[PDB]
Amino acid sequence: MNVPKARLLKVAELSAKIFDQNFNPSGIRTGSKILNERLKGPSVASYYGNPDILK
Amino acid sequence: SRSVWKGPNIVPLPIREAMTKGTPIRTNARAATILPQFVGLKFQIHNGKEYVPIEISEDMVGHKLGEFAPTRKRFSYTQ
Amino acid sequence: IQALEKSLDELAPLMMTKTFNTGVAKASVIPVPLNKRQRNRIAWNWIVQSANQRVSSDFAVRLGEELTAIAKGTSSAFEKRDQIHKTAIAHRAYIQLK
Amino acid sequence: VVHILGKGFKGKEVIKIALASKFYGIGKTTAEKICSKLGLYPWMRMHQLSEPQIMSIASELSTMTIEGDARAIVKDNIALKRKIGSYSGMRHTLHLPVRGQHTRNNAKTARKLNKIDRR
Amino acid sequence: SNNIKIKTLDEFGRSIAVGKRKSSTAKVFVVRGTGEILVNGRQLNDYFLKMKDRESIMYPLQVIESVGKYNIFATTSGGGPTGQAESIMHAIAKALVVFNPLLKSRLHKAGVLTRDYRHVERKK
Amino acid sequence: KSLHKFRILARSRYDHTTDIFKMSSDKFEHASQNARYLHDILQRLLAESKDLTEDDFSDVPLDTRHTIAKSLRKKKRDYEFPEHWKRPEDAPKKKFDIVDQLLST
Amino acid sequence: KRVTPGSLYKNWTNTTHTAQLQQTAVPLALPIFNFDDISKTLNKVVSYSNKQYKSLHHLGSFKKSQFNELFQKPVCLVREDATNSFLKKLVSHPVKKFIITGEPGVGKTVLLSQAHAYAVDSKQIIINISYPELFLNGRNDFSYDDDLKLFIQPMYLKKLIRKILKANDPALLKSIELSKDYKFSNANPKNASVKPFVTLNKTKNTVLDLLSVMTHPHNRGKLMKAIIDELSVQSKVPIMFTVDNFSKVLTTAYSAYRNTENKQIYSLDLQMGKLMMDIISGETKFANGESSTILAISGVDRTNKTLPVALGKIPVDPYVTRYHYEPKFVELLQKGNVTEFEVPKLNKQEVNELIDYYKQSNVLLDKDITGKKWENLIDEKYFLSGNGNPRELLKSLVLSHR
Amino acid sequence: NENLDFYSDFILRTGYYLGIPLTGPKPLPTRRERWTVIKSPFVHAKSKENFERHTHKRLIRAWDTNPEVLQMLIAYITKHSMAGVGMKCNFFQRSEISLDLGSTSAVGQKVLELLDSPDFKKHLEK
RNA sequence: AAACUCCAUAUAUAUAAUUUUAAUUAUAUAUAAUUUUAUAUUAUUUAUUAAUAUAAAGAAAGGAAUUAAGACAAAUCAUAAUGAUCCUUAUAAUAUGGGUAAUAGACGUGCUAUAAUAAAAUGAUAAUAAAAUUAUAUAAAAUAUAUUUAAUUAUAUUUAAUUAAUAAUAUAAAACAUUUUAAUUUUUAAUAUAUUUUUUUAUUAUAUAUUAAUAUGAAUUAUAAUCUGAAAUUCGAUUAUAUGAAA
Ligand SMILES: Nc1ncnc2c1ncn2[C@@H]1O[C@H](COP(=O)(O)OP(=O)(O)OP(=O)(O)O)[C@@H](O)[C@H]1O
Ligand SMILES: [K+]
Ligand SMILES: [K+]
Ligand SMILES: [K+]
Ligand SMILES: [K+]
Ligand SMILES: [K+]
Ligand SMILES: [K+]
Ligand SMILES: [K+]
Ligand SMILES: [K+]
Ligand SMILES: [K+]
Ligand SMILES: [Mg+2]
Ligand SMILES: [Mg+2]
Ligand SMILES: [Mg+2]
Ligand SMILES: [Mg+2]
Ligand SMILES: [Mg+2]
Ligand SMILES: [Mg+2]
Ligand SMILES: [Mg+2]
Ligand SMILES: [Mg+2]
Ligand SMILES: [Mg+2]
Ligand SMILES: [Mg+2]
Ligand SMILES: [Mg+2]
Ligand SMILES: [Mg+2]
């Protein structure tokens with residue numbers, strides 16, 4: 001808490017760089033969440049079973 | 001209430017023809033947000049059965065077209 | 001504690017008349033004996049009702065005052081006991097004894 | 001009894017609570033700021049106030065939107081809804097719920113209070 | 001053959017017993033001492049705020065009149081204060097029988113050696 | 001000094017209590033790819049920690065708030081039997097059994 | 001009205017404290033507390049002297065929830081590991097700055113009352129702050145003083161100054177002649193309209209005169225600074241400054257008061273907070289070498305890392321939020337070299353003495369006297385009290401009807 | 001549990017001959033899943049039937065073994081697996097800090113394509 | 001049918017290199033009770049007996065499932081499935097919007113409340129649980145804003161660990177302690193007073209109205225912002241300021 005914010009920001013920025021993380025000090029909404037969400041299409045589209053069944 | 005940071009709910013509408021010809025805009029997009037450009041233009045807004053004619057004023061900007069085309073009839077009892 | 005048990009033993013009625021719906025005719029008011037657990041309930045409810053007429057906001061204080069007055073002889077619930085015992089003495093013949 | 005801007009207060013009432021209770025438009029947070037601005041300690045009561053301090057409260061209260069002014073803002077916002085013909089305006093005119101509440105049952109409070117000239 | 005081996009004090013003179021009540025469990029270490037008790041490393045008055053819970057823990061020692069003759073190191077987990085206090089009570093009673101097996105009958109008669117079976121029942 | 005800078009830059013990935021630095025990755029589709037990715041990050045973190053020419057972050061103390069939060073979610077049984085309570089003289093003493101003593105000879 | 005002159009209308013805790021229920025207690029003849037003859041009273045229950053009772057009542061040494069109403073007057077067990085041990089350190093240690101700790105109800109307040117009793121006997125001037133919450137809860141007036149640059153609290157200061165005057169021997173106060181001339185505004189309703197100010201000349205007036213000055217509320221902060229300065233410059237009489245429930249100060253850095261910007265006022269911006277911490281930190285030095293500063297914590301207050309760090313019991317964690325760690329208080333406490341004295345729990349022999357006194361006071365139930373062996377009772381009550389807690393011992397004896 | 005325990009016993013026998021120190025099978029907490037249904041097809045929501053499924057778990061640990069021998073164990077026990085038994089294997093490989101040769105998302109690509117299309121470039125023009 | 005069972009409980013053995021730790025546990029197997037014995041009393045079909053108590057041994061005190069018959073031609077053709085009969089450019093199929101959310105009265109079932117044996121704050125070396133969930137995810141810590149020293153609450157930024165006896169949802173809550181609490185002049189304040197000092201006593205001021213709605217209650221409503229979604233108008237959730245009904 002007594003650690004100057006400038007010092008703690010330098011650690012955050014360098015740490016984010018090493019760990020390939022997005023450093024957004026301002027907090028602007030960037031949409032990064034949308035880019036990271038998983039694709040659920042394959043699971044959703046198999047709900048009713050494999051269509052290539054022997055008939 | 002749509003978050004302000006997302007912007008208006010913009011829908012495809014024929015506004016150019018209504019601004020160069022004065023024709024009414026018939027639409028079912030009741031969710032559409034009345035943008036400041038729409039002011040002065042004439043809209044025919046679906047209510048599920050009919051198309052209600054409404055002209056947009058400056059006190060309607062920000063609201064949505066559906067708000068001005070009631071979908072139900074006033075209730076009455078067989079007293 | 002000894003004061004509480006003495007007060008409960010003096011205030012609780014020994015017997016109480018109860019109406020039994022025996023027969024299509026009018027019910028009978030027959031005196032019935034009470035056990036110690038049933039006697040304590042009757043006397044405690046009288047104490048609580050008397051306590052809740054006092055001025056203190058705290059129930060513990062009102063209860064404490066009520067219990068102190070009863071341990072010192074003064075209580076309005078002794079009238080209730082006398083009226084329950086009078087009724088039973090009147091209906092002494094209604095008892096069955098078999 | 002202490003009188004501030006016509007409102008009457010019992011002497012024992014705490015100032016920060018009394019102000020948010022009798023004055024339309026002033027709540028708990030707003031009342032605390034007024035007392036902090038006038039140097040009144042958090043739990044000071046009305047009977048303690050002097051006449052110079054009673055006048056200071058009235059001055060600060062007269063530089064705010066309260067009572068009629070605050071009530072007029074609500075009445076004018078409701079009137080605008082009716083003027084533009086919005087669905088919400090009709091609900092106010094019909095004395096019906098304006099926030100999506102069901103009407104098959106209940107809806108008693110909306111029937112008593114919902115009106116263009118809302119109190 | 002039988003499945004019971006005589007219980008005896010351990011290398012440090014301690015009698016170890018486990019007790020259960022509701023969802024709570026307690027493992028106590030009883031040794032000869034002067035009446036010192038520790039519950040999960042904390043003072044009895046700190047861990048158990050209710051005096052009735054403290055009185056429950058002391059009852060088995062009060063039956064054999066040995067409240068000042070033993071040191072108890074009780075460890076308890078699960079359930080609430082009542083389950084833990086009575087689980088410790090049950091475990092102390094079972095641990096006291098090793099010091100004098102002639103007092104088991106008195107402990108059984110007081111009811112401290114009977115495992116309380118009552119638990120929350122899903123409504124049926 | 002480099003060990004301190006390493007621990008500061010790891011942030012939530014370092015547990016001071018256990019001294020363990022743990023990082024996982026499932027970003028790629030194959031485990032081999034993910035293994036290389038973690039290895040490459042490890043080399044990058046070590047290089048920065050061993051380059052104290054500009055900043056060593058010695059003024060910055062280690063932050064353990066993440067570890068404290070984790071500890072509050074696990075039950076800690078950190079109490080042991082008092083040593084001054086032990087009574088070794090009350091333990092049972094092995095008895096003399098002639099049969100077992102005679103069966104061994 | 002529903003309330004009559006003698007009706008018990010308050011809650012239970014206030015009724016027991018205020019209803020004068022000790023009147024029916026039986027008078028017992030106990031030895032008197034005297035540290036100079038502790039050998040004759042060690043490990044025995046003693047009453048205080050008549051001179052000590054008068055001073056300790058004016059200081060607020062006796063508090064509610066101490067079962068004082070069970071006995072004719074409050075009594076204390078002179079303990080070897082708590083009372084005798086602490087008082088010997090107070091007479092020998094050169095710094096004489098202590099903070100009394102221990103588990104809730106262990107007897108920290110009673111120990112402070114025994115230190116007040118010692119000071120009364122040993123001709124010392126006692127300044128006690130019994131309940132610091134009274135100047136931090138925002139329930140009395142406050143004003144900003146430009147000359148002091150502090151928020152003064154006139155209502156509280158008036159009560160505190162009277163306590164210092166009524167609790168201490170007038171002779172000691174009269175001995176301290178004033179070192180400077182002082183002028184204050186006159187608020188005495190007799191000559192206030194005739195004399196604009198009251199002057200206190202040096203070498204003529206004493207600190208007793210200074211403690212009797214009736215001034216306007218806005219000049220009462222300057223009267224508290226003069227009193228403390230006069231008592232800290234004189235070397236004749238030792239000054240014992242005490243604060244009970246000091247944990248409240250350590251855990252309430254920001255008072256309930258708000259400035260003109262609706263910002264809560266830091267406790268060190270109040271004169272009471274600044275004065276208290278100036279004496280503890282050592283900024284305000286007392287000329288007499290027997291002056292002491294005894295602080296005591298209370299279990300009714302929340303705990304955090306402030307006090308443990310100040311006492312050296314745990315390492316400093318810099319990332320602890322300010323609401324759980326106040327580094328400024330730690331600096332002040334460590335600058336004053338405050339040392340901890342942990343009040344130990346009672347041993348079984350001390351429990352025996354207390355229960356033997358309770359039997360003679362007729363406070364024990366009939367279930368603990370008839371049909372129970374004395375040794376069994378002591379063992380049971382030592383177990384049910386947590387192995388020594390005095391407060392849990394009393395509750396097990398007089399407040400456990402199950 | 002029956003096939004689970006039998007198969008676990010077989011793994012221990014396979015490991016012994018392969019020279020693999022093995023511990024277990026350690027029983028892990030059984031997971032219980034529950035479903036409550038209404039017995040009637042249409043109405044009568046007052047009579048409800050209970051159903052459950054228990055997942056039985058066992059942990060077998062391998063120690064002080066070379067990777068190649070460990071793979072032989074997994075291959076053999078896979079070849080002779082029992083019905084209705086599943087198997088997860090966590091392998092732990094101790095390595096050196098620095099190694100030799102080591103040990104773009106679809107959405108991001110489409111965003112770049114979309115931001116270059118005329119429907120977007122026509123606005124980005126400054 | 002009952003029992004024999006299964007669960008719970010007690011105990012024993014096995015398993016865990018006791019850092020997947022809860023060994024005070026996990027879960028496989030086995031054992032145990034439908035308890036047993038002695039004595040006195042009262043009844044008996046009086047004997048090798050029941051009801052009772054007393055003593056002794058014991059951890060032992062609770063549950064589930066367990067099938068046959070018939071009826072209401074009771075519900076369901078709207079979980080799906082069958083006959084008959086009807087529609088086949090429409091009674092089938094798709095899209096956009098609307099409705100299922102309407103409102104006089106009435107009924108069922110709930111929630112919140114109408115204050116002092118009860119509500120509100122605060123409690124960081126962190127009082128004390130169980131059962132569940134996390135690959136169509138659970139989201140830590142930190143930072144920023146509301147917003148104030150900080151905490152708290154909400155959201156944003158960022159996305160650590162864990163696909164799990166490992167990490168996360170999640171420091172359970174009540175309890176308990178302290179403080180506060182309208183009606184209540186049972187209060188507060190100014191002086192003086194005390195051997196009740198967080199307090200007592202005295203004298204002044206502290207309101208009027210008032211069978212009544214407060215610092216109880218939180219319906220209704222204004223404005224601003226936020227969350228999910230392609231979309232929140234009919235018709236969603238949350239927050240802030242203000243509003244503060246009935247009871
Ligand atoms: N030496 C003693 N002789 C007699 N009674 C004592 C003694 N010490 C403590 N007590 C009693 O124990 C109880 C608690 O005492 P005290 O109030 O001093 O404790 P405390 O630790 O200061 O409490 P808290 O943590 O609440 O501030 C009281 O009833 C007190 O009278
Ligand atoms: K208001
Ligand atoms: K509706
Ligand atoms: K209804
Ligand atoms: K373990
Ligand atoms: K709809
Ligand atoms: K309430
Ligand atoms: K929990
Ligand atoms: K009201
Ligand atoms: K909407
Ligand atoms: Mg990750
Ligand atoms: Mg947290
Ligand atoms: Mg104290
Ligand atoms: Mg039908
Ligand atoms: Mg419906
Ligand atoms: Mg905890
Ligand atoms: Mg967080
Ligand atoms: Mg976990
Ligand atoms: Mg907690
Ligand atoms: Mg609470
Ligand atoms: Mg309220
Ligand atoms: Mg009414």
# chains A, B, ... in the order shown; residues from 1 in each chain; ligands from 1
call {"tool": "residues_near_ligand", "arguments": {"ligand": "ligand 5", "cutoff": "7 Å", "atoms": "only C-alpha atoms (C1' of nucleotides) and all ligand atoms", "output": "list in words"}}
result
residues 18, 21 and 23 of chain I
call {"tool": "interface_residues", "arguments": {"of": "chain H", "to": "chain F", "cutoff": "12 Å", "atoms": "only C-alpha atoms", "output": "list in words"}}
result
residues 93, 95, 96, 97, 98, 99, 100, 101, 102, 103, 104 and 105 of chain H
call {"tool": "interface_residues", "arguments": {"of": "chain H", "to": "chain I", "cutoff": "10 Å", "atoms": "only C-alpha atoms (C1' of nucleotides)", "output": "PyMOL selection string"}}
result
chain H and resi 1-2+5+21-34+40-44+56-61+63
call {"tool": "interface_residues", "arguments": {"of": "chain I", "to": "chain C", "cutoff": "12 Å", "atoms": "only C-alpha atoms (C1' of nucleotides)", "output": "PyMOL selection string"}}
result
chain I and resi 115-118+181+184+186
call {"tool": "write_last_selection", "arguments": {"atoms": "N, CA and C atoms (P, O5', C5', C4', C3', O3' and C1' of nucleotides)", "output": "PDB file, in the first residue's frame"}}
result
ATOM      1  P     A I 115     -44.818  -2.888  14.646  1.00  0.00           P
ATOM      2  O5'   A I 115     -43.233  -2.969  14.512  1.00  0.00           O
ATOM      3  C5'   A I 115     -42.562  -4.217  14.371  1.00  0.00           C
ATOM      4  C4'   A I 115     -41.429  -4.348  15.360  1.00  0.00           C
ATOM      5  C3'   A I 115     -41.821  -4.151  16.821  1.00  0.00           C
ATOM      6  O3'   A I 115     -41.017  -4.983  17.656  1.00  0.00           O
ATOM      7  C1'   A I 115     -40.228  -2.520  16.209  1.00  0.00           C
ATOM      8  P     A I 116     -41.562  -5.462  19.089  1.00  0.00           P
ATOM      9  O5'   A I 116     -40.320  -5.247  20.062  1.00  0.00           O
ATOM     10  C5'   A I 116     -39.108  -5.965  19.860  1.00  0.00           C
ATOM     11  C4'   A I 116     -38.114  -5.726  20.969  1.00  0.00           C
ATOM     12  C3'   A I 116     -38.719  -5.552  22.359  1.00  0.00           C
ATOM     13  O3'   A I 116     -37.846  -6.110  23.341  1.00  0.00           O
ATOM     14  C1'   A I 116     -37.509  -3.610  21.780  1.00  0.00           C
ATOM     15  P     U I 117     -38.334  -7.340  24.250  1.00  0.00           P
ATOM     16  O5'   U I 117     -38.289  -8.595  23.272  1.00  0.00           O
ATOM     17  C5'   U I 117     -37.052  -9.106  22.796  1.00  0.00           C
ATOM     18  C4'   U I 117     -36.981 -10.606  22.933  1.00  0.00           C
ATOM     19  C3'   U I 117     -37.826 -11.411  21.959  1.00  0.00           C
ATOM     20  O3'   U I 117     -37.206 -11.570  20.695  1.00  0.00           O
ATOM     21  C1'   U I 117     -38.119 -12.257  24.150  1.00  0.00           C
ATOM     22  P     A I 118     -38.065 -11.430  19.347  1.00  0.00           P
ATOM     23  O5'   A I 118     -38.086  -9.862  19.077  1.00  0.00           O
ATOM     24  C5'   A I 118     -38.950  -9.302  18.097  1.00  0.00           C
ATOM     25  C4'   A I 118     -38.200  -8.399  17.153  1.00  0.00           C
ATOM     26  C3'   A I 118     -37.095  -9.076  16.348  1.00  0.00           C
ATOM     27  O3'   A I 118     -36.989  -8.443  15.077  1.00  0.00           O
ATOM     28  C1'   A I 118     -36.167  -7.342  17.627  1.00  0.00           C
ATOM     29  P     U I 181     -29.955   5.767  20.275  1.00  0.00           P
ATOM     30  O5'   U I 181     -31.240   5.118  19.596  1.00  0.00           O
ATOM     31  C5'   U I 181     -31.632   5.490  18.284  1.00  0.00           C
ATOM     32  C4'   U I 181     -32.636   4.527  17.706  1.00  0.00           C
ATOM     33  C3'   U I 181     -33.895   4.292  18.523  1.00  0.00           C
ATOM     34  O3'   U I 181     -34.851   5.329  18.388  1.00  0.00           O
ATOM     35  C1'   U I 181     -33.046   2.221  17.770  1.00  0.00           C
ATOM     36  P     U I 184     -45.232   8.829  22.860  1.00  0.00           P
ATOM     37  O5'   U I 184     -43.739   9.163  23.299  1.00  0.00           O
ATOM     38  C5'   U I 184     -43.468   9.792  24.546  1.00  0.00           C
ATOM     39  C4'   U I 184     -42.065   9.510  25.022  1.00  0.00           C
ATOM     40  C3'   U I 184     -40.982   9.606  23.952  1.00  0.00           C
ATOM     41  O3'   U I 184     -39.784  10.131  24.525  1.00  0.00           O
ATOM     42  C1'   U I 184     -40.999   7.425  24.865  1.00  0.00           C
ATOM     43  P     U I 186     -41.077  10.217  30.785  1.00  0.00           P
ATOM     44  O5'   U I 186     -39.760   9.429  30.353  1.00  0.00           O
ATOM     45  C5'   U I 186     -38.643   9.340  31.231  1.00  0.00           C
ATOM     46  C4'   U I 186     -37.722   8.203  30.859  1.00  0.00           C
ATOM     47  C3'   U I 186     -36.979   8.370  29.535  1.00  0.00           C
ATOM     48  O3'   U I 186     -35.690   7.766  29.631  1.00  0.00           O
ATOM     49  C1'   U I 186     -38.313   6.427  29.443  1.00  0.00           C
TER      50        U I 186
END
call {"tool": "residues_near_ligand", "arguments": {"ligand": "ligand 4", "cutoff": "12 Å", "atoms": "only C-alpha atoms (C1' of nucleotides) and all ligand atoms", "output": "PyMOL selection string"}}
result
(chain D and resi 102-108) or (chain I and resi 106-110)
call {"tool": "write_last_selection", "arguments": {"atoms": "N, CA, C and O atoms (P, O5', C5', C4', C3', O3' and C1' of nucleotides)", "output": "PDB file, in the first residue's frame"}}
result
ATOM      1  N   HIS D 102     -47.735  -6.896 -13.953  1.00  0.00           N
ATOM      2  CA  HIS D 102     -48.974  -7.549 -14.345  1.00  0.00           C
ATOM      3  C   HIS D 102     -50.168  -6.838 -13.718  1.00  0.00           C
ATOM      4  O   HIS D 102     -50.067  -6.225 -12.654  1.00  0.00           O
ATOM      5  N   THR D 103     -51.311  -6.920 -14.400  1.00  0.00           N
ATOM      6  CA  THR D 103     -52.533  -6.281 -13.938  1.00  0.00           C
ATOM      7  C   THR D 103     -53.681  -7.253 -13.712  1.00  0.00           C
ATOM      8  O   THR D 103     -54.723  -6.834 -13.199  1.00  0.00           O
ATOM      9  N   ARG D 104     -53.527  -8.528 -14.074  1.00  0.00           N
ATOM     10  CA  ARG D 104     -54.574  -9.500 -13.783  1.00  0.00           C
ATOM     11  C   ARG D 104     -54.858  -9.564 -12.287  1.00  0.00           C
ATOM     12  O   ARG D 104     -55.989  -9.848 -11.881  1.00  0.00           O
ATOM     13  N   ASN D 105     -53.847  -9.310 -11.458  1.00  0.00           N
ATOM     14  CA  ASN D 105     -54.011  -9.203 -10.017  1.00  0.00           C
ATOM     15  C   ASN D 105     -53.190  -8.021  -9.523  1.00  0.00           C
ATOM     16  O   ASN D 105     -52.368  -7.461 -10.251  1.00  0.00           O
ATOM     17  N   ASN D 106     -53.421  -7.648  -8.271  1.00  0.00           N
ATOM     18  CA  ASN D 106     -52.636  -6.597  -7.604  1.00  0.00           C
ATOM     19  C   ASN D 106     -52.824  -5.299  -8.398  1.00  0.00           C
ATOM     20  O   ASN D 106     -53.939  -5.018  -8.861  1.00  0.00           O
ATOM     21  N   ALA D 107     -51.776  -4.488  -8.558  1.00  0.00           N
ATOM     22  CA  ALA D 107     -51.851  -3.210  -9.262  1.00  0.00           C
ATOM     23  C   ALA D 107     -52.712  -2.196  -8.514  1.00  0.00           C
ATOM     24  O   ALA D 107     -53.266  -1.277  -9.120  1.00  0.00           O
ATOM     25  N   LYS D 108     -52.833  -2.354  -7.195  1.00  0.00           N
ATOM     26  CA  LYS D 108     -53.672  -1.450  -6.415  1.00  0.00           C
ATOM     27  C   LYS D 108     -52.996  -0.103  -6.196  1.00  0.00           C
ATOM     28  O   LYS D 108     -53.649   0.942  -6.289  1.00  0.00           O
TER      29      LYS D 108
ATOM     30  P     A I 106     -63.241  -8.616  -5.227  1.00  0.00           P
ATOM     31  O5'   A I 106     -63.428 -10.165  -5.551  1.00  0.00           O
ATOM     32  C5'   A I 106     -64.654 -10.821  -5.265  1.00  0.00           C
ATOM     33  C4'   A I 106     -64.640 -12.258  -5.724  1.00  0.00           C
ATOM     34  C3'   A I 106     -63.486 -13.111  -5.222  1.00  0.00           C
ATOM     35  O3'   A I 106     -63.669 -13.568  -3.894  1.00  0.00           O
ATOM     36  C1'   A I 106     -63.775 -13.467  -7.538  1.00  0.00           C
ATOM     37  P     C I 107     -62.401 -13.793  -2.934  1.00  0.00           P
ATOM     38  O5'   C I 107     -61.795 -15.184  -3.418  1.00  0.00           O
ATOM     39  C5'   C I 107     -62.570 -16.372  -3.355  1.00  0.00           C
ATOM     40  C4'   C I 107     -61.880 -17.524  -4.040  1.00  0.00           C
ATOM     41  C3'   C I 107     -60.468 -17.830  -3.568  1.00  0.00           C
ATOM     42  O3'   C I 107     -60.433 -18.582  -2.369  1.00  0.00           O
ATOM     43  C1'   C I 107     -60.516 -17.795  -5.927  1.00  0.00           C
ATOM     44  P     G I 108     -59.164 -18.485  -1.389  1.00  0.00           P
ATOM     45  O5'   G I 108     -58.068 -19.400  -2.092  1.00  0.00           O
ATOM     46  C5'   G I 108     -58.328 -20.771  -2.346  1.00  0.00           C
ATOM     47  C4'   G I 108     -57.209 -21.418  -3.119  1.00  0.00           C
ATOM     48  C3'   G I 108     -55.819 -21.289  -2.520  1.00  0.00           C
ATOM     49  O3'   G I 108     -55.583 -22.200  -1.463  1.00  0.00           O
ATOM     50  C1'   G I 108     -55.729 -20.815  -4.832  1.00  0.00           C
ATOM     51  P     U I 109     -54.659 -21.773  -0.222  1.00  0.00           P
ATOM     52  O5'   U I 109     -53.192 -21.731  -0.836  1.00  0.00           O
ATOM     53  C5'   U I 109     -52.652 -22.859  -1.510  1.00  0.00           C
ATOM     54  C4'   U I 109     -51.374 -22.512  -2.230  1.00  0.00           C
ATOM     55  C3'   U I 109     -50.327 -21.791  -1.401  1.00  0.00           C
ATOM     56  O3'   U I 109     -49.574 -22.669  -0.583  1.00  0.00           O
ATOM     57  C1'   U I 109     -50.569 -20.704  -3.489  1.00  0.00           C
ATOM     58  P     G I 110     -48.675 -22.084   0.609  1.00  0.00           P
ATOM     59  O5'   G I 110     -47.447 -21.413  -0.149  1.00  0.00           O
ATOM     60  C5'   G I 110     -46.738 -20.333   0.431  1.00  0.00           C
ATOM     61  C4'   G I 110     -45.973 -19.558  -0.609  1.00  0.00           C
ATOM     62  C3'   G I 110     -45.196 -18.361  -0.092  1.00  0.00           C
ATOM     63  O3'   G I 110     -43.944 -18.731   0.455  1.00  0.00           O
ATOM     64  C1'   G I 110     -46.430 -17.735  -2.011  1.00  0.00           C
TER      65        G I 110
END
call {"tool": "residues_around", "arguments": {"residues": "residue 53 in chain B", "least_positions_apart": "3", "cutoff": "8 Å", "atoms": "only C-alpha atoms (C1' of nucleotides)", "output": "list in words"}}
result
residues 42, 43, 44 and 45 of chain B
